[PDB]
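Participant: Please read through the structure below; I'll follow up with questions.
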Amino acid sequence: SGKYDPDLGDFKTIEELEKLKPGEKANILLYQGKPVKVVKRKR
Amino acid sequence: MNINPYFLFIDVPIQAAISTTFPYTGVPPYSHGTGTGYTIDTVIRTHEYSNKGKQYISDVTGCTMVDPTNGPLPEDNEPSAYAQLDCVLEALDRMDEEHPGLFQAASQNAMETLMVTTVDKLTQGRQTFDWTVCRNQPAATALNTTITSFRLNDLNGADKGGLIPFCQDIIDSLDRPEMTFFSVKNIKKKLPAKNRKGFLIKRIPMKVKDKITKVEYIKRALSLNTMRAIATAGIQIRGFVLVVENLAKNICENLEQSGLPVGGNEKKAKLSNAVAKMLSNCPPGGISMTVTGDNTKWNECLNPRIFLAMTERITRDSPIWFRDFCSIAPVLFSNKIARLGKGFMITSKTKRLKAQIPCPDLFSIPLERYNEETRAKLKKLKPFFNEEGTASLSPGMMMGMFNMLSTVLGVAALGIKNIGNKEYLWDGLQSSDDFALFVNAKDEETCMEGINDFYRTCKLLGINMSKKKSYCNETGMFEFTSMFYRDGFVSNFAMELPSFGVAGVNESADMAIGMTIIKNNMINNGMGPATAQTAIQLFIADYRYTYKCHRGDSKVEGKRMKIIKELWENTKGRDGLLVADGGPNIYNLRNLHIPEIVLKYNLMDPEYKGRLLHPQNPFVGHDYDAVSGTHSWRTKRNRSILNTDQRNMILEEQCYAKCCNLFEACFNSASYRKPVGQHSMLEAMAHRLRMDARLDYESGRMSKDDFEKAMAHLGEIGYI
Amino acid sequence: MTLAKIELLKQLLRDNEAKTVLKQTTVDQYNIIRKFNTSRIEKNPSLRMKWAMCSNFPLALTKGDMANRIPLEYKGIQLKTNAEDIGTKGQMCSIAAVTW
Amino acid sequence: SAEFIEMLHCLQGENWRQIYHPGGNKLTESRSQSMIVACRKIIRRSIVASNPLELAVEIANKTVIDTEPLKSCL
Amino acid sequence: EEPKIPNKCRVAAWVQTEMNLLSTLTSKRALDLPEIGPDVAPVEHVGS
Amino acid sequence: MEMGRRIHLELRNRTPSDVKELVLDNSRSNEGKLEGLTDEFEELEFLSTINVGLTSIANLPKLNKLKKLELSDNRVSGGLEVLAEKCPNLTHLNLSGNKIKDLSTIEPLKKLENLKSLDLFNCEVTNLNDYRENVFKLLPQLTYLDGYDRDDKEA
Amino acid sequence: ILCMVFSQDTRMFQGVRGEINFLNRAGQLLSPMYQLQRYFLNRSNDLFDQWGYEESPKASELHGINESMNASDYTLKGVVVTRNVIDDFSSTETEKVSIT
């Protein structure tokens with residue numbers, strides 16, 4: 001849904017991703033220097 | 001659920017369960033300190049078990065001597081060193097009769113090997129006690145120092161090259177009234193060093209000449225210094241012990257009872273064969289019993305005089321000169337003098353002080369100032385103490401120095417096979433410290449009578465069986481030198497495992513040495529396939545860490561890893577790249593004896609093959625098996641001080657410090673502006689000042705007057 | 001100041017011992033005294049090579065056309081050194097050089 | 001045997017024994033020496049699987065010794 | 001000075017807990033060993 | 001301070017059936033009990049008993065609406081089967097800091113089926129091999145534990 | 001270095017080699033004295049090289065110090081290190097001081 005936003009915080013581990021709730025946006029890292037911002041979906 | 005590891009023994013035989021209990025076959029770091037106290041205790045115990053013998057005063061070294069041989073027989077189960085000569089001679093006679101033509105052949109082979117050997121053989125050994133400096137030095141350095149001292153004393157045995165002339169010169173040097181030699185003396189320092197004052201104090205060594213009276217050299221040669229070996233012997237003893245041990249090894253090799261020098265699965269074969277042989281000839285309906293005997297104070301009870309008797313009996317039909325050569329070692333050991341080491345340490349808590357009392361001043365203070373144990377030990381050691389901080393020690397063997405002869409004596413004890421013509425027959429195996437005894441009889445009562453007779457017999461020969469560390473059980477299960485045998489199955493108690501890190505030579509050499517070490521561990525110590533593969537994995541990990549040669553396709557970063565990644569990208573035959581170049585490892589059990597270059601040759605890129613195996617590459621320049629390529633580089637091995645005389649006389653003149661001070665400012669203002677490469681420091685200074693003046697004038701720091709003045713002075717220097 | 005250093009060098013040259021030591025002893029020999037002054041030999045070969053590899057130029061290098069064929073720098077990475085060495089009496093090369 | 005000691009690390013152990021045979025320039029029965037081993041593997045693949053017949057014939061029909069089907073060589 | 005011989009102590013209950021816990025399976029591993037060449041001989045297969 | 005004072009403060013001198021939660025913390029108890037809570041209580045959802053010195057569970061009103069209960073820092077060591085006969089509707093159980101000897105103490109929770117989370121911290125039973133697995137197969141009804149069943153959610 | 005800058009010695013001025021346009025964390029241009037202070041402290045080996053050297057203080061205790069701060073002879077022009085105790089800062093009057 002977006003791009004790297006240091007304000008939202010650092011990258012979130014799979015442990016936090018799995019316990020996340022729908023409608024909440026998080027940040028992940030593909031590889032060194034290419035972060036991305038994602039959002040959970042019900043579907 | 002509280003775990004109980006010992007419960008494993010319920011479901012597994014203990015022989016397998018306790019396999020490889022100690023990963024280390026060497027020595028731990030936390031072992032009870034072997035200092036002056038330990039050696040004092042050792043000498044005390046050696047003299048304690050033989051105090052009923054004949055005590056006299058040596059007329060050569062003027063030291064107390066104890067001779068227990070042919071002494072009163074023991075009346076108690078305590079350890080005894082009183083070995084009757086007649087029993088030993090009879091045992092040797094029985095061994096010779098059983099093995100006709102054995103002693104003669106072994107003595108002949110030993111004398112021939114001695115004739116063909118060379119002095120250089122003495123350099124293959126552990127730390128040796130150098131007498132010129134009275135310390136522990138490498139074998140080569142000790143031999144060189146002894147040779148130099150002999151040359152100074154008109155003794156040139158090493159010149160002839162043979163070992164016989166060297167030993168002849170040793171025994172002749174034992175006769176010179178005054179012995180002159182070289183020694184190293186340290187003197188303090190006054191040369192500059194930049195910490196906060198350009199001045200530091202250290203120690204510099206110099207070579208000096210020192211002379212010693214006859215008795216002093218005699219005592220020094222017999223001295224045994226201490227660093228599970230307890231002491232080391234100098235060079236005057238090494239050749240004779242070498243010859244005697246070669247003789248004993250020749251005898252042992254043909255003794256079926258001897259457990260040496262067997263190594264590898266041959267040990268298992270010998271164990272199983274001995275068990276099978278003993279069971280086969282068991283009396284119909286009889287009982288076979290096995291004792292995993294151990295010997296307490298083995299080397300604190302064997303007497304050098306008994307070894308001399310054994311050597312004389314063995315070489316009864318041999319040239320007289322060889323007989324004397326063999327006898328020279330036991331007589332030297334029979335007069336051994338122990339060195340007590342550094343000394344003790346005494347402290348005062350109230351004033352927060354401590355001091356070190358060296359061995360010569362051991363008794364210089366009242367005994368009340370030593371703790372209880374040291375007080376008692378010194379009280380007991382007083383009679384056997386010399387004024388030069390050394391202890392006379394006639395008996396004992398201070399751990400392994402005649403291990404082969406010890407095994408021969410044990411085999412002789414095992415060869416009697418009967419006493420009183422009773423209904424029991426004994427035999428077994430023995431390797432220089434431990435014996436397994438098999439006895440066949442009718443009932444266990446007769447077997448134990450035979451075991452008792454064997455115990456008494458070995459007592460008569462000075463061998464003391466350990467009642468507190470021995471047991472008996474029906475034959476089929478026992479132990480022999482940390483190797484448990486159980487109805488065919490065989491396990492090890494302690495196995496040496498590969499140590500962390502590479503061998504420490506170079507990439508290809510380190511890889512080859514690691515693989516050959518793993519192969520040797522498999523062959524000898526019996527390492528299973530899975531363990532060997534895991535060892536290969538660990539060695540590869542350590543090798544990659546040490547050489548920074550991770551896989552080319554890995555994501556690690558490093559100075560060398562960029563080029564490795566580029567090579568991996570540019571290479572087609574990625575299976576043929578060496579591990580040192582980030583390639584894939586392909587080593588496994590079937591190919592642990594093949595160099596990786598040979599393994600990967602068929603898969604290497606031809607261009608990569610040419611680059612790697614270039615006949616003239618700048619790295620290689622000018623055991624294990626490998627291939628000479630660009631990975632056989634050599635590291636800079638050049639340190640210490642050379643030009644010692646010139647440097648010492650320069651540093652002792654005066655003005656060196658001023659030269660250093662002038663050098664420091666200019667040549668440290670910049671990290672590296674030195675025209676190095678044998679340039680005279682004055683020339684480098686001249687060039688540096690010329691460039692500095694040029695830059696100052698160009699930037700305007702100096703006017704033309706100062707410029708010309710500086711060049712005038714620089715013109716006067718001679719490099720402008 | 002250049003003049004101050006110049007005058008100090010002349011004053012030092014007035015004395016014979018300083019002049020002799022400066023004329024004979026080379027810049028290469030200057031490093032040697034500092035080494036034994038504050039350095040000595042080590043042990044534990046496994047760790048010794050571990051320390052050596054991390055250094056800049058631990059590998060000895062031969063002298064010849066091939067030695068000079070490889071460059072001084074590569075993608076911002078040094079390979080060898082120009083000035084002669086004392087021990088090997090030749091150039092010294094970095095580990096990366098081999099990979100190059 | 002000179003050729004057996006070199007591999008001893010992989011032949012004999014304390015409580016195990018590996019049956020290994022040497023080699024060296026035994027070329028001439030190439031095709032045969034191939035088919036047998038290939039055929040062996042097929043059986044090793046079929047015996048474990050249920051109903052080995054169809055699987056064995058399938059693997060045998062779809063195997064080629066580098067130019068030709070195994071059937072022709074057999 | 002006299003030698004400080006080691007004292008004498010009774011059973012410590014924490015060693016049992018140490019053994020119990022160190023033998024449990026956690027959620028993380030810290031072992032990453034390199035690879036080995038392909039296995040051909042039966043002994044290599046058994047070891048693998 | 002006493003359990004009665006806490007009851008009065010929380011209820012504020014009102015009918016017992018007016019609050020669905022209680023906070024009995026830092027309250028001294030007679031021989032380690034939870035007196036001051038009469039059996040007349042009919043509605044209760046949350047409970048909190050910390051530093052009460054409770055040594056046993058033998059006095060508790062019969063209930064059918066409680067879903068959470070909190071016990072901590074107590075020397076209680078005894079069978080908890082009585083909870084089934086008193087209130088078999090527990091969902092959150094907290095025994096952090098309690099004193100339980102062996103696994104047998106937590107056995108009687110099998111008959112309870114509504115329990116989903118159980119807490120046992122620094123307990124003598126917690127320091128055992130496969131305690132996590134052993135408890136799980138001993139209480140199949142359990143859906144949560146000290147916090148790491150499979151993920152992390154909050155009560 | 002600080003006494004050097006404060007003394008306003010002509011040699012210190014002639015020893016400058018870079019540039020003086022620095023500011024503070026608040027972003028202000030300082031007087032040339034403090035700019036020189038910051039320049040010399042940042043680059044200590046700027047006025048030290050061209051300052052000039054002076055013979056060591058030949059005496060019982062007076063001994064020199066070189067540019068590297070080691071207690072080495074051939075000291076800086078003027079600088080002297082005495083192996084004694086200098087006790088200073090007497091009469092701490094706390095005299096009246098105004099604040100702008």
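Residue numbers start at 1 in each chain; chains themselves are named A, B, ... in the order of the structure tokens; ligands are numbered from 1 in the order shown.
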Which residues are close to residue 458 in chain B, i.e. within 12 Å by only C-alpha atoms, leaving aside same-chain residues fewer than 2 positions away? Reply as a ChimeraX atom specification.

Facilitator: /B:79-84,87-88,91,293,295,298,301-302,409-417,435,451-456,460-466

Participant: Which residues of chain A come within 9 Å of chain F, and for each one, what is the closest pair of atoms and their distance in Å to one decimal, counting only C-alpha atoms, sorted by chain and residue number, as CSV?

Facilitator:
```
residue,atom,partner,partner_atom,distance
A:15,CA,F:151,CA,7.2
A:16,CA,F:152,CA,8.2
A:18,CA,F:151,CA,7.3
A:19,CA,F:152,CA,6.2
```

Participant: Determine, counting only C-alpha atoms, which protein, DNA and RNA residues have an atom within 12 Å of an atom of residue 68 in chain C; residues of the same chain fewer than 6 positions away are not included. Present the result as a ChimeraX atom specification.

Facilitator: /B:617-619 /C:61-62,79-82,90-93,97

Participant: Would you output that residue set with N, CA and C atoms, as a JSON list (two decimals), in the first residue's frame?

Facilitator:
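Here's the written file part.json:
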```
[["chain", "number", "residue", "atom", "x", "y", "z"],
["B", 617, "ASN", "N", 53.86, -18.41, -11.61],
["B", 617, "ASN", "CA", 53.06, -17.41, -10.93],
["B", 617, "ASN", "C", 53.87, -16.79, -9.79],
["B", 618, "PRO", "N", 53.56, -15.56, -9.38],
["B", 618, "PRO", "CA", 54.42, -14.86, -8.42],
["B", 618, "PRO", "C", 54.20, -15.26, -6.97],
["B", 619, "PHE", "N", 53.24, -16.13, -6.68],
["B", 619, "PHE", "CA", 52.94, -16.50, -5.30],
["B", 619, "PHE", "C", 53.77, -17.69, -4.83],
["C", 61, "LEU", "N", 55.54, -12.18, -1.99],
["C", 61, "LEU", "CA", 55.38, -12.08, -3.43],
["C", 61, "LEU", "C", 56.73, -12.23, -4.11],
["C", 62, "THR", "N", 56.74, -12.93, -5.24],
["C", 62, "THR", "CA", 57.95, -13.07, -6.04],
["C", 62, "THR", "C", 58.16, -11.83, -6.90],
["C", 79, "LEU", "N", 46.15, -4.46, -3.65],
["C", 79, "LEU", "CA", 46.63, -5.82, -3.90],
["C", 79, "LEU", "C", 48.04, -6.05, -3.39],
["C", 80, "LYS", "N", 48.99, -5.18, -3.74],
["C", 80, "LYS", "CA", 50.38, -5.36, -3.35],
["C", 80, "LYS", "C", 50.96, -4.00, -2.99],
["C", 81, "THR", "N", 52.27, -3.97, -2.74],
["C", 81, "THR", "CA", 52.98, -2.76, -2.38],
["C", 81, "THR", "C", 54.18, -2.57, -3.29],
["C", 82, "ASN", "N", 54.54, -1.30, -3.50],
["C", 82, "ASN", "CA", 55.64, -0.95, -4.40],
["C", 82, "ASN", "C", 57.00, -1.07, -3.72],
["C", 90, "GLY", "N", 61.76, -8.46, -1.24],
["C", 90, "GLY", "CA", 60.93, -8.26, -2.40],
["C", 90, "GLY", "C", 59.60, -7.67, -2.02],
["C", 91, "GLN", "N", 58.68, -7.67, -2.97],
["C", 91, "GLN", "CA", 57.36, -7.12, -2.72],
["C", 91, "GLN", "C", 56.56, -8.03, -1.80],
["C", 92, "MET", "N", 55.51, -7.46, -1.21],
["C", 92, "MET", "CA", 54.54, -8.20, -0.41],
["C", 92, "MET", "C", 53.16, -7.97, -1.00],
["C", 93, "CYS", "N", 52.33, -9.01, -0.98],
["C", 93, "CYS", "CA", 51.03, -8.98, -1.63],
["C", 93, "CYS", "C", 49.94, -9.33, -0.63],
["C", 97, "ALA", "N", 45.05, -10.49, -3.68],
["C", 97, "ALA", "CA", 45.86, -10.63, -4.89],
["C", 97, "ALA", "C", 45.74, -12.03, -5.47]]
```

Participant: Mind listing as a PyMOL selection string which residues of chain B are within 8 Å of chain C, counting only C-alpha atoms?

Facilitator: chain B and resi 193+202+500-504+546-547+559-560+563-564+581+616-621+630-631+633-641+650+653-656+658-659+662+674-684+689+692-693+706+709-710+713-714

Participant: Report as a Markdown table the residues of chain D within 7 Å of chain B, each with its shortest atom pair and distance in Å (one decimal), using only C-alpha atoms, ordered by chain and increasing residue number.

Facilitator:
```
| residue | atom | partner | partner_atom | distance |
| --- | --- | --- | --- | --- |
| D:8 | CA | B:523 | CA | 6.9 |
| D:9 | CA | B:523 | CA | 4.9 |
| D:10 | CA | B:590 | CA | 6.2 |
| D:13 | CA | B:526 | CA | 6.2 |
| D:14 | CA | B:526 | CA | 5.9 |
| D:15 | CA | B:489 | CA | 6.7 |
```

Participant: Would you put the residues from that selection into a file with N, CA and C atoms, as a short mmCIF file (atom, residue, chain, number, x, y, z; two decimals), in the first residue's frame?

Facilitator:
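So the final result, stored in selection26.cif, reads:
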```cif
data_model
loop_
_atom_site.label_atom_id
_atom_site.label_comp_id
_atom_site.auth_asym_id
_atom_site.auth_seq_id
_atom_site.Cartn_x
_atom_site.Cartn_y
_atom_site.Cartn_z
N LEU D 8 41.93 -47.75 3.26
CA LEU D 8 41.56 -48.46 4.48
C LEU D 8 40.64 -47.64 5.37
N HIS D 9 40.76 -46.31 5.32
CA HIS D 9 39.90 -45.47 6.15
C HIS D 9 38.42 -45.70 5.84
N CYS D 10 38.10 -46.11 4.62
CA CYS D 10 36.72 -46.31 4.20
C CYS D 10 36.36 -47.78 4.03
N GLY D 13 36.54 -50.71 9.98
CA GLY D 13 36.47 -49.93 11.20
C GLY D 13 36.46 -50.82 12.43
N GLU D 14 36.21 -50.23 13.60
CA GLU D 14 36.23 -51.01 14.83
C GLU D 14 35.15 -52.09 14.82
N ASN D 15 33.94 -51.75 14.37
CA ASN D 15 32.83 -52.68 14.41
C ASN D 15 32.04 -52.69 13.10
#
```
